[PDB]
Amino acid sequence: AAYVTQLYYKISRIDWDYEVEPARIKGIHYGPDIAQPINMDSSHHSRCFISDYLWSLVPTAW
Amino acid sequence: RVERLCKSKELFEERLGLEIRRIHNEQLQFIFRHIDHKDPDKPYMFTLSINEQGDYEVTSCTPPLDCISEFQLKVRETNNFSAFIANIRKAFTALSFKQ
Amino acid sequence: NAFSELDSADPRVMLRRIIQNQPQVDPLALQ
């Protein structure tokens, strides 16, 4: 189990806050330069917007 | 403990819409959902291995992407696996608007 | 920081960790 979650970090650079209600998407996104908080209310958004938005945090430059 | 690991996996699966499966013949299958907003559960997948030279190798892509060989060359050259995965998802998004 | 080790790991090593340690399951199909 650990190895897959480690790779999701390698891919997304996101670390979740595991102590919050399920309705709250909360965590931190890391990068070269300073780390950025995420705190969204899942009830306000579609599943696809949540995924598109979170993926837009991930840089596409090679 | 182990509960926290399974929880982390499910949070990434649901929030990124990305599942990772270890399948036969030394391969991992990456399955993206939440690509087509009109059909959020529809999967877009590719499979990957590390080949005998220790290189990334995409061994299949369903549906096919015409840029994924270019992406394989780039990830080999840069070792930037994050960007490789991000660019494949962008490419499935785009493909979903083609026709 | 705490991710120091993951940030510098080679993704090929990480991918091989999953492939060697997780049991195989069926691939999902378009169907």
# chains A, B, ... in the order shown; residues from 1 in each chain; ligands from 1
$ select_by_dssp --residues "stretch 3-46 of chain A" --states "strand (DSSP E)" --output "list in words"
residues 14, 15, 16, 24, 25, 26, 27, 28, 29, 30, 31, 33, 34, 35, 36, 37, 38, 39, 40 and 41 of chain A
$ interface_residues --of "chain C" --to "chain B" --cutoff "7 Å" --atoms "only C-alpha atoms" --output "mmCIF file with C-alpha atoms, in the first residue's frame"
data_model
loop_
_atom_site.group_PDB
_atom_site.id
_atom_site.type_symbol
_atom_site.label_atom_id
_atom_site.label_comp_id
_atom_site.auth_asym_id
_atom_site.auth_seq_id
_atom_site.Cartn_x
_atom_site.Cartn_y
_atom_site.Cartn_z
ATOM 1 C CA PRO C 11 10.680 7.484 -10.386
ATOM 2 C CA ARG C 12 11.917 4.214 -12.000
ATOM 3 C CA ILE C 19 5.683 -3.667 -9.484
ATOM 4 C CA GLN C 22 2.120 -5.610 -5.018
ATOM 5 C CA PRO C 23 0.320 -8.695 -6.239
ATOM 6 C CA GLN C 24 -1.027 -8.680 -9.728
ATOM 7 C CA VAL C 25 -4.722 -7.962 -10.439
ATOM 8 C CA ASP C 26 -6.681 -7.820 -13.700
ATOM 9 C CA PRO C 27 -6.320 -4.777 -15.905
ATOM 10 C CA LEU C 30 -12.757 -0.072 -21.869
#
$ interface_residues --of "chain B" --to "chain A" --cutoff "9 Å" --atoms "only C-alpha atoms" --output "ChimeraX atom specification"
/B:2,4-9,11-12,14-18,20,33-37,40,74-75,78-87,89-90
$ interface_residues --of "chain C" --to "chain A" --cutoff "7 Å" --atoms "only C-alpha atoms" --output "list in words"
residues 6, 7, 14, 17 and 18 of chain C
$ write_last_selection --atoms "N, CA and C atoms" --output "short mmCIF file (atom, residue, chain, number, x, y, z; two decimals), in the first residue's frame"
data_model
loop_
_atom_site.label_atom_id
_atom_site.label_comp_id
_atom_site.auth_asym_id
_atom_site.auth_seq_id
_atom_site.Cartn_x
_atom_site.Cartn_y
_atom_site.Cartn_z
N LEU C 6 11.65 11.23 -0.83
CA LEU C 6 10.80 11.11 -2.06
C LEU C 6 11.13 12.10 -3.17
N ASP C 7 11.36 13.39 -2.86
CA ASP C 7 11.77 14.30 -3.91
C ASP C 7 13.01 13.95 -4.68
N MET C 14 10.81 4.02 -7.79
CA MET C 14 9.51 3.97 -7.17
C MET C 14 8.51 3.06 -7.94
N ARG C 17 9.29 -0.44 -7.18
CA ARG C 17 8.82 -0.84 -5.85
C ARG C 17 7.37 -1.34 -5.89
N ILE C 18 6.53 -0.61 -6.63
CA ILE C 18 5.14 -1.10 -6.75
C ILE C 18 5.11 -2.43 -7.51
#
$ residues_around --residues "residue A:41" --least-positions-apart "3" --cutoff "7 Å" --atoms "only C-alpha atoms" --output "short mmCIF file (atom, residue, chain, number, x, y, z; two decimals) with N, CA, C and O atoms, in the first residue's frame"
data_model
loop_
_atom_site.label_atom_id
_atom_site.label_comp_id
_atom_site.auth_asym_id
_atom_site.auth_seq_id
_atom_site.Cartn_x
_atom_site.Cartn_y
_atom_site.Cartn_z
N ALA A 23 -16.03 15.81 3.60
CA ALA A 23 -16.49 16.83 2.69
C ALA A 23 -15.44 17.90 2.40
O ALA A 23 -15.68 18.83 1.62
N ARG A 24 -14.28 17.82 3.05
CA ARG A 24 -13.31 18.88 2.92
C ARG A 24 -12.06 18.36 2.26
O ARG A 24 -11.42 17.43 2.75
N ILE A 25 -11.72 18.94 1.11
CA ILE A 25 -10.51 18.48 0.46
C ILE A 25 -9.35 19.37 0.95
O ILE A 25 -9.17 20.50 0.52
N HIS A 44 -19.30 21.93 -2.94
CA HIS A 44 -19.50 23.05 -3.87
C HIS A 44 -19.11 22.77 -5.33
O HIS A 44 -19.26 23.65 -6.18
#
$ atom_distance --atom1 "atom CA of residue B:10" --atom2 "atom CA of residue B:92"
22.1 Å
$ decode --residues "stretch 2-27 of chain A" --atoms "N, CA, C and O atoms" --output "PDB file, in the first residue's frame"
ATOM      1  N   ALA A   2       1.879   1.367   0.794  1.00  0.00           N
ATOM      2  CA  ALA A   2       2.708   2.529   0.967  1.00  0.00           C
ATOM      3  C   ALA A   2       3.350   2.938  -0.345  1.00  0.00           C
ATOM      4  O   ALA A   2       3.486   4.122  -0.629  1.00  0.00           O
ATOM      5  N   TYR A   3       3.802   1.986  -1.135  1.00  0.00           N
ATOM      6  CA  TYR A   3       4.521   2.329  -2.349  1.00  0.00           C
ATOM      7  C   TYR A   3       3.624   3.096  -3.359  1.00  0.00           C
ATOM      8  O   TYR A   3       4.173   3.933  -4.137  1.00  0.00           O
ATOM      9  N   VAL A   4       2.390   2.662  -3.477  1.00  0.00           N
ATOM     10  CA  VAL A   4       1.472   3.393  -4.381  1.00  0.00           C
ATOM     11  C   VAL A   4       1.231   4.816  -3.860  1.00  0.00           C
ATOM     12  O   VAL A   4       1.238   5.776  -4.646  1.00  0.00           O
ATOM     13  N   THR A   5       1.026   4.994  -2.553  1.00  0.00           N
ATOM     14  CA  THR A   5       0.716   6.360  -2.101  1.00  0.00           C
ATOM     15  C   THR A   5       1.975   7.218  -2.249  1.00  0.00           C
ATOM     16  O   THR A   5       1.908   8.386  -2.599  1.00  0.00           O
ATOM     17  N   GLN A   6       3.149   6.605  -2.077  1.00  0.00           N
ATOM     18  CA  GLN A   6       4.395   7.350  -2.318  1.00  0.00           C
ATOM     19  C   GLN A   6       4.490   7.829  -3.762  1.00  0.00           C
ATOM     20  O   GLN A   6       4.907   8.987  -4.020  1.00  0.00           O
ATOM     21  N   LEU A   7       4.148   6.933  -4.708  1.00  0.00           N
ATOM     22  CA  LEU A   7       4.131   7.398  -6.108  1.00  0.00           C
ATOM     23  C   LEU A   7       3.068   8.492  -6.372  1.00  0.00           C
ATOM     24  O   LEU A   7       3.297   9.409  -7.208  1.00  0.00           O
ATOM     25  N   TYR A   8       1.924   8.447  -5.684  1.00  0.00           N
ATOM     26  CA  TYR A   8       0.937   9.531  -5.930  1.00  0.00           C
ATOM     27  C   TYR A   8       1.535  10.858  -5.473  1.00  0.00           C
ATOM     28  O   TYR A   8       1.240  11.921  -6.078  1.00  0.00           O
ATOM     29  N   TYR A   9       2.320  10.840  -4.391  1.00  0.00           N
ATOM     30  CA  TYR A   9       3.051  12.051  -3.992  1.00  0.00           C
ATOM     31  C   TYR A   9       4.045  12.472  -5.062  1.00  0.00           C
ATOM     32  O   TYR A   9       4.141  13.651  -5.369  1.00  0.00           O
ATOM     33  N   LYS A  10       4.814  11.503  -5.603  1.00  0.00           N
ATOM     34  CA  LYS A  10       5.845  11.820  -6.596  1.00  0.00           C
ATOM     35  C   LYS A  10       5.167  12.525  -7.798  1.00  0.00           C
ATOM     36  O   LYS A  10       5.720  13.446  -8.390  1.00  0.00           O
ATOM     37  N   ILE A  11       3.995  12.053  -8.140  1.00  0.00           N
ATOM     38  CA  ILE A  11       3.255  12.569  -9.305  1.00  0.00           C
ATOM     39  C   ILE A  11       2.656  13.927  -9.010  1.00  0.00           C
ATOM     40  O   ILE A  11       2.853  14.865  -9.777  1.00  0.00           O
ATOM     41  N   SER A  12       1.937  14.030  -7.904  1.00  0.00           N
ATOM     42  CA  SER A  12       1.097  15.212  -7.696  1.00  0.00           C
ATOM     43  C   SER A  12       1.723  16.287  -6.775  1.00  0.00           C
ATOM     44  O   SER A  12       1.320  17.500  -6.782  1.00  0.00           O
ATOM     45  N   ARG A  13       2.713  15.823  -5.993  1.00  0.00           N
ATOM     46  CA  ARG A  13       3.311  16.550  -4.890  1.00  0.00           C
ATOM     47  C   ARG A  13       2.276  17.064  -3.860  1.00  0.00           C
ATOM     48  O   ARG A  13       2.499  18.088  -3.249  1.00  0.00           O
ATOM     49  N   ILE A  14       1.179  16.350  -3.675  1.00  0.00           N
ATOM     50  CA  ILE A  14       0.169  16.687  -2.684  1.00  0.00           C
ATOM     51  C   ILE A  14       0.250  15.833  -1.405  1.00  0.00           C
ATOM     52  O   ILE A  14       0.455  14.617  -1.479  1.00  0.00           O
ATOM     53  N   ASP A  15       0.129  16.461  -0.211  1.00  0.00           N
ATOM     54  CA  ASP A  15       0.075  15.671   1.045  1.00  0.00           C
ATOM     55  C   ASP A  15      -1.263  16.047   1.668  1.00  0.00           C
ATOM     56  O   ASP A  15      -1.564  17.251   1.865  1.00  0.00           O
ATOM     57  N   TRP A  16      -2.128  15.058   1.898  1.00  0.00           N
ATOM     58  CA  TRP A  16      -3.494  15.369   2.384  1.00  0.00           C
ATOM     59  C   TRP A  16      -3.473  15.606   3.894  1.00  0.00           C
ATOM     60  O   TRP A  16      -2.553  15.168   4.593  1.00  0.00           O
ATOM     61  N   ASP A  17      -4.482  16.332   4.367  1.00  0.00           N
ATOM     62  CA  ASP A  17      -4.770  16.462   5.784  1.00  0.00           C
ATOM     63  C   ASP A  17      -5.783  15.361   6.018  1.00  0.00           C
ATOM     64  O   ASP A  17      -6.882  15.378   5.458  1.00  0.00           O
ATOM     65  N   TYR A  18      -5.376  14.370   6.782  1.00  0.00           N
ATOM     66  CA  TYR A  18      -6.194  13.180   7.047  1.00  0.00           C
ATOM     67  C   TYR A  18      -7.079  13.343   8.233  1.00  0.00           C
ATOM     68  O   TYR A  18      -7.832  12.423   8.547  1.00  0.00           O
ATOM     69  N   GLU A  19      -6.980  14.472   8.936  1.00  0.00           N
ATOM     70  CA  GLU A  19      -7.896  14.635  10.048  1.00  0.00           C
ATOM     71  C   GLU A  19      -8.844  15.780   9.775  1.00  0.00           C
ATOM     72  O   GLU A  19      -8.925  16.700  10.576  1.00  0.00           O
ATOM     73  N   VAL A  20      -9.778  15.559   8.864  1.00  0.00           N
ATOM     74  CA  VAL A  20     -10.802  16.537   8.539  1.00  0.00           C
ATOM     75  C   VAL A  20     -12.035  15.785   8.010  1.00  0.00           C
ATOM     76  O   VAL A  20     -11.913  14.621   7.579  1.00  0.00           O
ATOM     77  N   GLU A  21     -13.213  16.425   8.060  1.00  0.00           N
ATOM     78  CA  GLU A  21     -14.444  15.789   7.570  1.00  0.00           C
ATOM     79  C   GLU A  21     -14.290  15.357   6.113  1.00  0.00           C
ATOM     80  O   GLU A  21     -13.476  15.932   5.368  1.00  0.00           O
ATOM     81  N   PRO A  22     -15.069  14.348   5.680  1.00  0.00           N
ATOM     82  CA  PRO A  22     -14.829  13.825   4.326  1.00  0.00           C
ATOM     83  C   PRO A  22     -15.128  14.890   3.269  1.00  0.00           C
ATOM     84  O   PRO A  22     -14.544  14.868   2.197  1.00  0.00           O
ATOM     85  N   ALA A  23     -16.029  15.810   3.603  1.00  0.00           N
ATOM     86  CA  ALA A  23     -16.492  16.833   2.687  1.00  0.00           C
ATOM     87  C   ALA A  23     -15.436  17.905   2.401  1.00  0.00           C
ATOM     88  O   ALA A  23     -15.682  18.832   1.622  1.00  0.00           O
ATOM     89  N   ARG A  24     -14.284  17.815   3.055  1.00  0.00           N
ATOM     90  CA  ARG A  24     -13.311  18.879   2.922  1.00  0.00           C
ATOM     91  C   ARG A  24     -12.063  18.362   2.255  1.00  0.00           C
ATOM     92  O   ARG A  24     -11.421  17.426   2.748  1.00  0.00           O
ATOM     93  N   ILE A  25     -11.715  18.937   1.115  1.00  0.00           N
ATOM     94  CA  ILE A  25     -10.509  18.483   0.463  1.00  0.00           C
ATOM     95  C   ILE A  25      -9.351  19.367   0.945  1.00  0.00           C
ATOM     96  O   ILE A  25      -9.170  20.499   0.516  1.00  0.00           O
ATOM     97  N   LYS A  26      -8.492  18.842   1.786  1.00  0.00           N
ATOM     98  CA  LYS A  26      -7.581  19.786   2.418  1.00  0.00           C
ATOM     99  C   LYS A  26      -6.221  19.163   2.373  1.00  0.00           C
ATOM    100  O   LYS A  26      -6.085  17.972   2.532  1.00  0.00           O
ATOM    101  N   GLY A  27      -5.211  19.978   2.127  1.00  0.00           N
ATOM    102  CA  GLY A  27      -3.887  19.416   2.024  1.00  0.00           C
ATOM    103  C   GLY A  27      -2.909  20.518   1.655  1.00  0.00           C
ATOM    104  O   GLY A  27      -3.205  21.718   1.777  1.00  0.00           O
TER     105      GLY A  27
END
